[PDB]
Amino acid sequence: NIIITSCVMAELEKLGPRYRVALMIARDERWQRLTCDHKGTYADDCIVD
Amino acid sequence: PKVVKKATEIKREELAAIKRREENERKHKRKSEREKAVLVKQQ
Amino acid sequence: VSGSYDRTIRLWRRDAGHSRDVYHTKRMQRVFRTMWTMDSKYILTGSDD
Amino acid sequence: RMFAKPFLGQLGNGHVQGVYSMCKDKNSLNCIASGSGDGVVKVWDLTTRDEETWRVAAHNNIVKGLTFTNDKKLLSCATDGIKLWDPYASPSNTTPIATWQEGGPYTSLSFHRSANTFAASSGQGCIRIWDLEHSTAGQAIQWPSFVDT
Amino acid sequence: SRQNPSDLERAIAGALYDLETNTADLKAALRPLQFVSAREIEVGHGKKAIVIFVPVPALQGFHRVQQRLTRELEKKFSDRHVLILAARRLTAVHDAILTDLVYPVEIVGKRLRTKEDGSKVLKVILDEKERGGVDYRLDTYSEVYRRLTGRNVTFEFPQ
Amino acid sequence: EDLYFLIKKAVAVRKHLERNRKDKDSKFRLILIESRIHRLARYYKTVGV
Amino acid sequence: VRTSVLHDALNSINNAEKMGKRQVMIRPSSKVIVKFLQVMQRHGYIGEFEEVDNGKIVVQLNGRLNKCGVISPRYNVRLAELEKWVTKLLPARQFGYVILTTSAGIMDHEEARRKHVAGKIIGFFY
RNA sequence: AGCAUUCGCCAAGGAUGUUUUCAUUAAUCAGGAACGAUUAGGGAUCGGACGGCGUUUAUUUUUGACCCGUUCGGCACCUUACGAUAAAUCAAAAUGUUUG
RNA sequence: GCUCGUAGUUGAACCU
Ligand SMILES: [Zn+2]
């Protein structure tokens with residue numbers, strides 16, 4: 001089961017519509033949306049935390 | 001943001017030119033800018 | 001309220017002529033639908049992200 | 001200007017493709033439904049925004065029209081025609097409970113205030129009037145020699 | 001010639017003889033003309049429409065006079081729309097059928113649009129300079145063209 | 001048709017150079033129009049003429 | 001010389017989609033172009049079109065359109081290798097389509113396998 | 001490579017416009033030869049054609065110089081790149097990081 | 001230094 005934090009979908013959405021295919025493959029509704037609660041939306045510190 | 005700022009500046013300069021040649025091409029009452037919306041009205 | 005084809009919501013008044021406030025993010029792409037809630041306090045945004 | 005913080009948030013995990021039609025219940029305040037570009041419509045409650053109340057892959061291309069009826073039921077238009085859904089049923093029915101395709105490429109849809117009636121903006125330059133629970137085919141009203149969408 | 005003429009085809013030819021004697025003061029197309037062919041179908045419902053056909057290379061011979069000729073035909077016969085059309089024996093054939101339907105003002109542009117499925121509608125724009133009775137007869141031109149040739153077109157003055 | 005004005009123009013330029021054979025840029029205009037003689041003589045010979 | 005009316009028209013679709021325009025104007029028309037827009041319109045990636053002849057094609061487009069394809073060497077493709085070809089063209093097989101030239105018409109690859117026909121790859125769009 | 005007095009002659013050539021025609025003649029280059037799809041528009045530059053809610057030629061019609069609009073066709077500036085990418089090159093090296 | 005140019009290379013749409 002692959003898990004995709006809201007920092008990670010946040011950073012892919014901050015990357016522009018060049019990556020709309022990577023966003024549309026990243027929001028596969030099969031997958032566990034792991035909601036984070038911290039101010040940064042910074043994925044590397046969310047993952048190591 | 002940056003693209004909306006640039007593009008509304010471009011719309012300011014473009015409408016400045018279009019109103020400039022509108023006033024020259026007038027020069028060589030008016031019609032109100034709200035009346036320049038209704039093109040025609042069918043019964 | 002108007003949702004633009006580019007990345008912006010425009011908050012207007014009935015008798016204003018120019019925009020009372022404007023709304024944007026980096027993660028909001030092309031706002032196709034924007035509607036109010038049923039008290040007139042909040043505004044609700046469906047985009048192309 | 002210092003306390004201009006306009007952004008509350010986000011209706012959960014959102015859709016996959018872009019939200020191209022959404023609607024509100026004029027009698028409630030928290031029934032929010034939105035149909036993306038996969039046909040999949042979702043129904044949220046504004047109190048419980050971490051997840052959607054209801055979800056169905058309603059259509060194939062996109063969802064063009066979307067509205068709530070006066071009782072609790074919703075309606076969706078797409079190129080495949082128009083479907084009437086029950087989003088609030090205790091047996092949670094992923095299947096539709098009515099449909100219409102006699103008409104054309106229905107491209108939007110709007111619903112009456114008091115009485116159970118709605119109109120749809122078609123592709124034949126026409127609007128269709130349905131009065132629910134006692135109408136099979138809607139009455140057609142169009143401008144007489146009118147062609148455009 | 002080609003046809004065993006109808007009673008109303010010899011009512012039209014009888015109107016041609018009534019434009020051979022006891023008439024104008026003009027006969028350039030009225031003196032040589034005989035019977036050719038005619039059909040007569042409703043415009044929706046309420047009133048019918050009358051069409052005749054054309055021996056093919058003589059269309060400039062029917063450009064000898066058509067203005068006020070159709071006025072005399074609409075006065076003297078049945079108060080309905082009278083229309084000339086060239087029968088032949090498909091692309092420029094039926095495009096030529098359209099340009100023979102709307103004869104005074106030529107076609108400006110064919111606008112065949114589609115809807116958000118496989119559906120599509122043809123709608124050709126005609127020039128603005130004659131509108132007075134053309135907005136009346138334009139429904140008759142469209143429904144005559146689909147009742148005779150077979151496809152679905154609509155006509156419009158551009159904007 | 002066109003070919004007679006081509007050879008009128010070309011033989012006219014030839015007569016000009018026969019009046020002065022040291023005008024080498026008009027000699028380049030001659031090799032341009034002679035190249036058009038090879039061109040349209042070739043193609044309109046392969047039509048059948 | 002650019003004899004490729006399809007490559008020109010689809011450059012207009014691409015560049016005037018990244019531009020953020022909302023209808024394009026394609027004056028060099030075809031029937032491969034009109035049927036190509038029948039397919040993309042049927043899958044909703046372009047809004048609508050309208051051809052007004054002089055051969056103008058006016059395409060009211062929506063905005064999700066990422067990239068429409070430019071394959072010039074139009075190869076024959078087996079129905080058994082069509083999975084390999086579609087998984088090489090599309091960035092994800094459930095996103096976008098591959099325009100096939102078949103004897104039963106021109107349609108997407110999923111409908112081509114709904115009619116059990118193998119054809120020729122000309123396009124892709126996603 | 002180049003082109004600077006006036007005037008005449010000789011032919012070409014460009015651009016515009018037409019109510020002009022054989023109608024694929026088209027497009028790029030081994031072999032060879034002469035000379036040394038849009039950017040995104042704005043403000044200016046002329047070379048025409050059309051129009052004038054204007055002066056002056058003009059003793060008044062032509063007519064031309066000025067001013068304006070449309071319009072093509074080019075020689076360059078400026079920003080953003082529509083992007084790029086080998087960088088020093090860019091309205092093109094835009095199409096070599098989802099290559100057809 | 002640029003230009004014409006051949007083999008070659010790619011060859012407008014339109015017509016069950
Ligand atoms: Zn986090």
# chains A, B, ... in the order shown; residues from 1 in each chain; ligands from 1
>>> residues_around(residues="residue 13 of chain A", least_positions_apart="4", cutoff="7 Å", atoms="only C-alpha atoms (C1' of nucleotides)", output="CSV table (one decimal) with N, CA and C atoms, in the first residue's frame")
chain,number,residue,atom,x,y,z
A,9,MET,N,1.6,15.7,-2.2
A,9,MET,CA,0.7,16.3,-3.2
A,9,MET,C,0.7,17.8,-3.2
A,23,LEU,N,0.5,14.7,-11.4
A,23,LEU,CA,-0.5,15.0,-10.4
A,23,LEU,C,-1.7,14.0,-10.6
C,27,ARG,N,-1.3,26.7,-6.2
C,27,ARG,CA,-1.8,25.4,-6.4
C,27,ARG,C,-3.2,25.4,-7.0
>>> residues_around(residues="residue 114 of chain E", least_positions_apart="3", cutoff="7 Å", atoms="only C-alpha atoms (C1' of nucleotides)", output="VMD selection string")
(chain E and resid 119 to 121) or (chain G and resid 48 to 50)
>>> atom_distance(atom1="atom CA of residue 80 of chain G", atom2="atom CA of residue 39 of chain G")
22.7 Å
>>> interface_residues(of="chain F", to="chain I", cutoff="10 Å", atoms="only C-alpha atoms (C1' of nucleotides)", output="list in words")
residues 28, 31, 32, 34 and 35 of chain F
>>> write_last_selection(atoms="N, CA, C and O atoms", output="PDB file, in the first residue's frame")
ATOM      1  N   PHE F  28      23.913  37.646 -64.226  1.00  0.00           N
ATOM      2  CA  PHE F  28      23.267  36.789 -63.235  1.00  0.00           C
ATOM      3  C   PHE F  28      21.751  36.784 -63.394  1.00  0.00           C
ATOM      4  O   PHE F  28      21.106  35.759 -63.133  1.00  0.00           O
ATOM      5  N   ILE F  31      21.277  34.219 -66.012  1.00  0.00           N
ATOM      6  CA  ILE F  31      21.338  32.816 -65.602  1.00  0.00           C
ATOM      7  C   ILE F  31      20.145  32.454 -64.708  1.00  0.00           C
ATOM      8  O   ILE F  31      19.741  31.282 -64.650  1.00  0.00           O
ATOM      9  N   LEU F  32      19.525  33.444 -64.052  1.00  0.00           N
ATOM     10  CA  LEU F  32      18.252  33.197 -63.380  1.00  0.00           C
ATOM     11  C   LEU F  32      17.154  32.870 -64.382  1.00  0.00           C
ATOM     12  O   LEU F  32      16.440  31.867 -64.237  1.00  0.00           O
ATOM     13  N   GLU F  34      17.435  31.956 -67.514  1.00  0.00           N
ATOM     14  CA  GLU F  34      17.771  30.720 -68.216  1.00  0.00           C
ATOM     15  C   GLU F  34      17.478  29.505 -67.353  1.00  0.00           C
ATOM     16  O   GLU F  34      17.058  28.462 -67.869  1.00  0.00           O
ATOM     17  N   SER F  35      17.707  29.614 -66.038  1.00  0.00           N
ATOM     18  CA  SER F  35      17.304  28.540 -65.136  1.00  0.00           C
ATOM     19  C   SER F  35      15.789  28.371 -65.121  1.00  0.00           C
ATOM     20  O   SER F  35      15.291  27.245 -64.987  1.00  0.00           O
TER      21      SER F  35
END
>>> interface_residues(of="chain D", to="chain G", cutoff="9 Å", atoms="only C-alpha atoms", output="list in words")
residues 17, 18, 37, 60, 61, 62 and 79 of chain D
>>> write_last_selection(atoms="N, CA and C atoms", output="PDB file, in the first residue's frame")
ATOM      1  N   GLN D  17      -9.271  14.547 -11.781  1.00  0.00           N
ATOM      2  CA  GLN D  17      -9.188  15.573 -12.800  1.00  0.00           C
ATOM      3  C   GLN D  17     -10.019  16.777 -12.380  1.00  0.00           C
ATOM      4  N   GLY D  18     -10.066  17.799 -13.228  1.00  0.00           N
ATOM      5  CA  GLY D  18     -10.520  19.101 -12.781  1.00  0.00           C
ATOM      6  C   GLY D  18     -12.020  19.189 -12.580  1.00  0.00           C
ATOM      7  N   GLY D  37     -13.908  15.764 -14.231  1.00  0.00           N
ATOM      8  CA  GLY D  37     -13.777  15.394 -15.620  1.00  0.00           C
ATOM      9  C   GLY D  37     -13.535  13.922 -15.869  1.00  0.00           C
ATOM     10  N   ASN D  60     -19.199   9.271 -18.164  1.00  0.00           N
ATOM     11  CA  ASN D  60     -17.996   8.813 -18.845  1.00  0.00           C
ATOM     12  C   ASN D  60     -17.040   9.940 -19.198  1.00  0.00           C
ATOM     13  N   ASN D  61     -17.512  11.004 -19.848  1.00  0.00           N
ATOM     14  CA  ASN D  61     -16.576  12.055 -20.248  1.00  0.00           C
ATOM     15  C   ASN D  61     -16.298  13.021 -19.103  1.00  0.00           C
ATOM     16  N   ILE D  62     -17.303  13.821 -18.749  1.00  0.00           N
ATOM     17  CA  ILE D  62     -17.234  14.883 -17.748  1.00  0.00           C
ATOM     18  C   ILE D  62     -18.606  14.982 -17.117  1.00  0.00           C
ATOM     19  N   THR D  79     -22.558  14.581 -21.677  1.00  0.00           N
ATOM     20  CA  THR D  79     -22.775  14.263 -23.085  1.00  0.00           C
ATOM     21  C   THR D  79     -23.553  12.970 -23.264  1.00  0.00           C
TER      22      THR D  79
END
>>> residues_near_ligand(ligand="ligand 1", cutoff="12 Å", atoms="only C-alpha atoms (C1' of nucleotides) and all ligand atoms", output="list in words")
residues 3, 4, 5, 6, 7, 8, 9, 10, 11, 33, 34, 35, 36, 37, 38, 39, 40, 41, 42, 43, 44, 45, 46, 47, 48 and 49 of chain A
>>> residues_around(residues="residue 6 of chain C", least_positions_apart="5", cutoff="8 Å", atoms="only C-alpha atoms (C1' of nucleotides)", output="JSON, numbers by chain")
{"B": [4], "C": [29, 30, 31]}
>>> interface_residues(of="chain D", to="chain C", cutoff="10 Å", atoms="only C-alpha atoms", output="PyMOL selection string")
chain D and resi 6-11+14-32+34-37+46
>>> write_last_selection(atoms="N, CA and C atoms", output="CSV table (one decimal), in the first residue's frame")
chain,number,residue,atom,x,y,z
D,6,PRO,N,-7.3,34.8,3.7
D,6,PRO,CA,-8.6,34.4,3.1
D,6,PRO,C,-8.9,32.9,2.9
D,7,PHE,N,-7.8,32.1,3.0
D,7,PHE,CA,-7.9,30.7,2.6
D,7,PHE,C,-8.2,29.9,3.9
D,8,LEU,N,-9.4,29.3,3.9
D,8,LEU,CA,-9.8,28.3,4.9
D,8,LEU,C,-9.1,27.0,4.6
D,9,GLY,N,-9.6,26.4,3.5
D,9,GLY,CA,-9.0,25.1,3.2
D,9,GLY,C,-9.6,24.4,2.0
D,10,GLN,N,-9.8,23.1,2.1
D,10,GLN,CA,-9.9,22.2,1.0
D,10,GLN,C,-10.9,21.1,1.4
D,11,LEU,N,-11.8,20.8,0.5
D,11,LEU,CA,-12.8,19.7,0.7
D,11,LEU,C,-12.1,18.4,0.5
D,14,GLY,N,-9.3,15.8,-2.9
D,14,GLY,CA,-10.2,16.3,-4.0
D,14,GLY,C,-10.4,15.3,-5.1
D,15,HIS,N,-10.9,15.7,-6.2
D,15,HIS,CA,-11.0,14.9,-7.4
D,15,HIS,C,-9.7,14.5,-8.0
D,16,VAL,N,-9.8,13.7,-9.1
D,16,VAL,CA,-8.6,13.3,-9.8
D,16,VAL,C,-8.3,14.3,-10.9
D,17,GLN,N,-9.3,14.5,-11.8
D,17,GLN,CA,-9.2,15.6,-12.8
D,17,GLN,C,-10.0,16.8,-12.4
D,18,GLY,N,-10.1,17.8,-13.2
D,18,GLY,CA,-10.5,19.1,-12.8
D,18,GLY,C,-12.0,19.2,-12.6
D,19,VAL,N,-12.4,20.0,-11.6
D,19,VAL,CA,-13.8,20.1,-11.2
D,19,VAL,C,-14.5,21.1,-12.2
D,20,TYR,N,-15.4,20.5,-13.0
D,20,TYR,CA,-15.9,21.3,-14.1
D,20,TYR,C,-17.3,21.7,-13.9
D,21,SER,N,-18.0,21.3,-12.8
D,21,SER,CA,-19.3,21.6,-12.4
D,21,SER,C,-19.5,21.3,-11.0
D,22,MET,N,-20.2,22.3,-10.3
D,22,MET,CA,-20.5,22.0,-8.9
D,22,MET,C,-21.8,22.7,-8.5
D,23,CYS,N,-22.4,22.3,-7.4
D,23,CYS,CA,-23.7,22.9,-7.0
D,23,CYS,C,-23.8,22.9,-5.5
D,24,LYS,N,-24.9,23.5,-5.1
D,24,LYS,CA,-25.3,23.7,-3.7
D,24,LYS,C,-26.7,23.4,-3.4
D,25,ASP,N,-27.1,23.0,-2.2
D,25,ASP,CA,-28.5,22.8,-1.9
D,25,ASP,C,-29.0,24.1,-1.3
D,26,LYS,N,-29.9,24.8,-2.0
D,26,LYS,CA,-30.5,26.1,-1.6
D,26,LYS,C,-31.3,26.0,-0.3
D,27,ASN,N,-31.7,24.8,0.2
D,27,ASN,CA,-32.5,24.6,1.4
D,27,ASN,C,-31.6,24.2,2.6
D,28,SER,N,-30.5,23.4,2.3
D,28,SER,CA,-29.5,23.2,3.3
D,28,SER,C,-28.5,24.3,3.3
D,29,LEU,N,-27.4,24.1,3.9
D,29,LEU,CA,-26.2,25.0,3.6
D,29,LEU,C,-24.9,24.2,3.4
D,30,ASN,N,-24.9,22.9,3.8
D,30,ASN,CA,-23.6,22.2,3.8
D,30,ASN,C,-23.6,21.1,2.7
D,31,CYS,N,-24.7,20.8,2.0
D,31,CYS,CA,-24.6,19.8,0.9
D,31,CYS,C,-23.9,20.4,-0.3
D,32,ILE,N,-22.7,20.0,-0.5
D,32,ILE,CA,-21.8,20.5,-1.6
D,32,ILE,C,-21.5,19.3,-2.5
D,34,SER,N,-19.9,18.1,-6.5
D,34,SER,CA,-19.0,18.6,-7.5
D,34,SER,C,-18.7,17.5,-8.4
D,35,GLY,N,-18.8,17.7,-9.8
D,35,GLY,CA,-18.5,16.6,-10.7
D,35,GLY,C,-17.3,17.0,-11.6
D,36,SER,N,-16.3,16.1,-11.5
D,36,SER,CA,-15.0,16.3,-12.2
D,36,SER,C,-15.1,15.9,-13.6
D,37,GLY,N,-13.9,15.8,-14.2
D,37,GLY,CA,-13.8,15.4,-15.6
D,37,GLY,C,-13.5,13.9,-15.9
D,46,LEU,N,-20.2,20.3,4.5
D,46,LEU,CA,-19.3,21.4,4.9
D,46,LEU,C,-18.9,21.3,6.4
>>> atom_distance(atom1="atom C1' of residue 28 of chain H", atom2="atom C1' of residue 92 of chain H")
20.2 Å
>>> interface_residues(of="chain B", to="chain H", cutoff="8 Å", atoms="only C-alpha atoms (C1' of nucleotides)", output="list in words")
residues 10, 13, 14, 17, 21, 24, 25, 26, 27 and 28 of chain B
>>> write_last_selection(atoms="N, CA and C atoms", output="compact mmCIF listing (two decimals), in the first residue's frame")
# COMPACT_ATOMS: atom_id res chain seq x y z
N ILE B 10 -0.13 44.50 -19.87
CA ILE B 10 -0.27 44.42 -21.32
C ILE B 10 -1.68 44.82 -21.75
N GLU B 13 -1.77 48.72 -21.56
CA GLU B 13 -1.13 49.39 -22.68
C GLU B 13 -1.90 49.17 -23.98
N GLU B 14 -2.45 47.97 -24.17
CA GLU B 14 -3.21 47.67 -25.38
C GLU B 14 -4.50 48.46 -25.43
N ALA B 17 -3.65 52.07 -26.33
CA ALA B 17 -3.52 52.28 -27.77
C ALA B 17 -4.87 52.27 -28.47
N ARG B 21 -6.21 55.42 -30.75
CA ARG B 21 -6.69 55.43 -32.13
C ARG B 21 -8.21 55.52 -32.23
N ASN B 24 -8.35 59.38 -32.12
CA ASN B 24 -7.87 59.95 -33.38
C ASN B 24 -8.82 59.63 -34.52
N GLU B 25 -9.19 58.36 -34.67
CA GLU B 25 -10.16 57.95 -35.68
C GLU B 25 -11.55 58.51 -35.42
N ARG B 26 -11.84 58.99 -34.20
CA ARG B 26 -13.00 59.86 -34.04
C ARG B 26 -12.71 61.26 -34.56
N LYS B 27 -11.54 61.80 -34.22
CA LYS B 27 -11.23 63.20 -34.48
C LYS B 27 -11.18 63.51 -35.97
N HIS B 28 -10.77 62.55 -36.78
CA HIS B 28 -10.60 62.81 -38.20
C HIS B 28 -11.62 62.05 -39.02
>>> residues_around(residues="residue 40 of chain D", least_positions_apart="6", cutoff="6 Å", atoms="only C-alpha atoms (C1' of nucleotides)", output="PyMOL selection string")
chain D and resi 56-58
>>> write_last_selection(atoms="N, CA and C atoms", output="PDB file, in the first residue's frame")
ATOM      1  N   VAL D  56     -19.720   8.605  -6.679  1.00  0.00           N
ATOM      2  CA  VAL D  56     -20.057   7.670  -7.747  1.00  0.00           C
ATOM      3  C   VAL D  56     -19.367   8.094  -9.042  1.00  0.00           C
ATOM      4  N   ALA D  57     -18.911   7.110  -9.822  1.00  0.00           N
ATOM      5  CA  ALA D  57     -18.472   7.340 -11.196  1.00  0.00           C
ATOM      6  C   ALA D  57     -19.717   7.462 -12.071  1.00  0.00           C
ATOM      7  N   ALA D  58     -20.262   8.681 -12.117  1.00  0.00           N
ATOM      8  CA  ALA D  58     -21.605   8.886 -12.647  1.00  0.00           C
ATOM      9  C   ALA D  58     -21.639   8.813 -14.168  1.00  0.00           C
TER      10      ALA D  58
END
>>> residues_around(residues="segment 3-13 of chain H", least_positions_apart="3", cutoff="10 Å", atoms="only C-alpha atoms (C1' of nucleotides)", output="PDB file with N, CA, C and O atoms, in the first residue's frame")
ATOM      1  N   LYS F   9      11.491  38.057 -72.569  1.00  0.00           N
ATOM      2  CA  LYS F   9      12.314  38.613 -71.502  1.00  0.00           C
ATOM      3  C   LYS F   9      13.739  38.072 -71.565  1.00  0.00           C
ATOM      4  O   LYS F   9      14.706  38.834 -71.442  1.00  0.00           O
ATOM      5  N   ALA F  10      13.884  36.770 -71.821  1.00  0.00           N
ATOM      6  CA  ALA F  10      15.198  36.138 -71.769  1.00  0.00           C
ATOM      7  C   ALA F  10      16.062  36.529 -72.963  1.00  0.00           C
ATOM      8  O   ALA F  10      17.235  36.884 -72.799  1.00  0.00           O
ATOM      9  N   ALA F  12      15.567  39.163 -74.696  1.00  0.00           N
ATOM     10  CA  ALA F  12      15.804  40.592 -74.502  1.00  0.00           C
ATOM     11  C   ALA F  12      17.015  40.844 -73.605  1.00  0.00           C
ATOM     12  O   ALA F  12      17.827  41.738 -73.888  1.00  0.00           O
ATOM     13  N   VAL F  13      17.161  40.057 -72.531  1.00  0.00           N
ATOM     14  CA  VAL F  13      18.343  40.170 -71.676  1.00  0.00           C
ATOM     15  C   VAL F  13      19.594  39.713 -72.427  1.00  0.00           C
ATOM     16  O   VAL F  13      20.677  40.303 -72.277  1.00  0.00           O
ATOM     17  N   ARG F  14      19.452  38.690 -73.282  1.00  0.00           N
ATOM     18  CA  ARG F  14      20.567  38.241 -74.116  1.00  0.00           C
ATOM     19  C   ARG F  14      21.011  39.324 -75.089  1.00  0.00           C
ATOM     20  O   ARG F  14      22.211  39.501 -75.316  1.00  0.00           O
ATOM     21  N   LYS F  15      20.058  40.061 -75.663  1.00  0.00           N
ATOM     22  CA  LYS F  15      20.398  41.160 -76.560  1.00  0.00           C
ATOM     23  C   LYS F  15      21.046  42.308 -75.796  1.00  0.00           C
ATOM     24  O   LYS F  15      21.937  42.989 -76.326  1.00  0.00           O
ATOM     25  N   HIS F  16      20.612  42.527 -74.547  1.00  0.00           N
ATOM     26  CA  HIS F  16      21.247  43.533 -73.700  1.00  0.00           C
ATOM     27  C   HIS F  16      22.710  43.193 -73.448  1.00  0.00           C
ATOM     28  O   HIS F  16      23.592  44.039 -73.631  1.00  0.00           O
ATOM     29  N   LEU F  17      22.991  41.939 -73.078  1.00  0.00           N
ATOM     30  CA  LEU F  17      24.379  41.526 -72.875  1.00  0.00           C
ATOM     31  C   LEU F  17      25.171  41.494 -74.174  1.00  0.00           C
ATOM     32  O   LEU F  17      26.388  41.724 -74.158  1.00  0.00           O
ATOM     33  N   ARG F  19      24.799  43.774 -76.312  1.00  0.00           N
ATOM     34  CA  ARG F  19      25.213  45.167 -76.389  1.00  0.00           C
ATOM     35  C   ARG F  19      26.306  45.534 -75.395  1.00  0.00           C
ATOM     36  O   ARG F  19      27.158  46.363 -75.725  1.00  0.00           O
ATOM     37  N   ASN F  20      26.313  44.945 -74.195  1.00  0.00           N
ATOM     38  CA  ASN F  20      27.479  45.052 -73.313  1.00  0.00           C
ATOM     39  C   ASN F  20      27.638  43.750 -72.527  1.00  0.00           C
ATOM     40  O   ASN F  20      26.847  43.444 -71.632  1.00  0.00           O
ATOM     41  N   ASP F  25      26.176  41.359 -63.285  1.00  0.00           N
ATOM     42  CA  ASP F  25      25.008  41.134 -62.441  1.00  0.00           C
ATOM     43  C   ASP F  25      23.744  40.977 -63.279  1.00  0.00           C
ATOM     44  O   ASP F  25      22.854  40.188 -62.932  1.00  0.00           O
ATOM     45  N   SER F  26      23.652  41.698 -64.400  1.00  0.00           N
ATOM     46  CA  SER F  26      22.592  41.402 -65.356  1.00  0.00           C
ATOM     47  C   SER F  26      22.844  40.069 -66.047  1.00  0.00           C
ATOM     48  O   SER F  26      21.896  39.420 -66.501  1.00  0.00           O
ATOM     49  N   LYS F  27      24.111  39.651 -66.140  1.00  0.00           N
ATOM     50  CA  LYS F  27      24.409  38.280 -66.541  1.00  0.00           C
ATOM     51  C   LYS F  27      23.898  37.279 -65.511  1.00  0.00           C
ATOM     52  O   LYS F  27      23.470  36.175 -65.876  1.00  0.00           O
ATOM     53  N   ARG F  29      21.158  37.910 -63.804  1.00  0.00           N
ATOM     54  CA  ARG F  29      19.738  37.884 -64.144  1.00  0.00           C
ATOM     55  C   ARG F  29      19.477  36.999 -65.360  1.00  0.00           C
ATOM     56  O   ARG F  29      18.421  36.350 -65.445  1.00  0.00           O
ATOM     57  N   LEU F  30      20.447  36.926 -66.279  1.00  0.00           N
ATOM     58  CA  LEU F  30      20.341  36.011 -67.408  1.00  0.00           C
ATOM     59  C   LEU F  30      20.395  34.558 -66.955  1.00  0.00           C
ATOM     60  O   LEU F  30      19.622  33.735 -67.446  1.00  0.00           O
TER      61      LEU F  30
END
>>> atom_distance(atom1="atom CA of residue 126 of chain E", atom2="atom CA of residue 46 of chain G")
28.8 Å
>>> interface_residues(of="chain H", to="chain F", cutoff="12 Å", atoms="only C-alpha atoms (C1' of nucleotides)", output="list in words")
residues 10, 11, 12, 13, 20, 21, 22, 23, 24, 25, 26, 33, 34 and 35 of chain H
>>> decode(residues="segment 7-17 of chain F", atoms="N, CA, C and O atoms", output="compact mmCIF listing (two decimals), in the first residue's frame")
# COMPACT_ATOMS: atom_id res chain seq x y z
N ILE F 7 10.47 33.91 -72.99
CA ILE F 7 11.53 33.95 -73.99
C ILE F 7 11.72 35.36 -74.55
O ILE F 7 12.82 35.68 -75.02
N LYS F 8 10.68 36.20 -74.53
CA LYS F 8 10.85 37.61 -74.87
C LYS F 8 11.76 38.29 -73.86
O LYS F 8 12.68 39.03 -74.22
N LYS F 9 11.49 38.06 -72.57
CA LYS F 9 12.31 38.61 -71.50
C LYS F 9 13.74 38.07 -71.56
O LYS F 9 14.71 38.83 -71.44
N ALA F 10 13.88 36.77 -71.82
CA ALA F 10 15.20 36.14 -71.77
C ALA F 10 16.06 36.53 -72.96
O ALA F 10 17.23 36.88 -72.80
N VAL F 11 15.50 36.47 -74.18
CA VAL F 11 16.24 36.89 -75.36
C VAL F 11 16.45 38.41 -75.35
O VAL F 11 17.46 38.89 -75.88
N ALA F 12 15.57 39.16 -74.70
CA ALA F 12 15.80 40.59 -74.50
C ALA F 12 17.02 40.84 -73.60
O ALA F 12 17.83 41.74 -73.89
N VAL F 13 17.16 40.06 -72.53
CA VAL F 13 18.34 40.17 -71.68
C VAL F 13 19.59 39.71 -72.43
O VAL F 13 20.68 40.30 -72.28
N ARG F 14 19.45 38.69 -73.28
CA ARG F 14 20.57 38.24 -74.12
C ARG F 14 21.01 39.32 -75.09
O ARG F 14 22.21 39.50 -75.32
N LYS F 15 20.06 40.06 -75.66
CA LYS F 15 20.40 41.16 -76.56
C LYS F 15 21.05 42.31 -75.80
O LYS F 15 21.94 42.99 -76.33
N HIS F 16 20.61 42.53 -74.55
CA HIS F 16 21.25 43.53 -73.70
C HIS F 16 22.71 43.19 -73.45
O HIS F 16 23.59 44.04 -73.63
N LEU F 17 22.99 41.94 -73.08
CA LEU F 17 24.38 41.53 -72.87
C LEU F 17 25.17 41.49 -74.17
O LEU F 17 26.39 41.72 -74.16
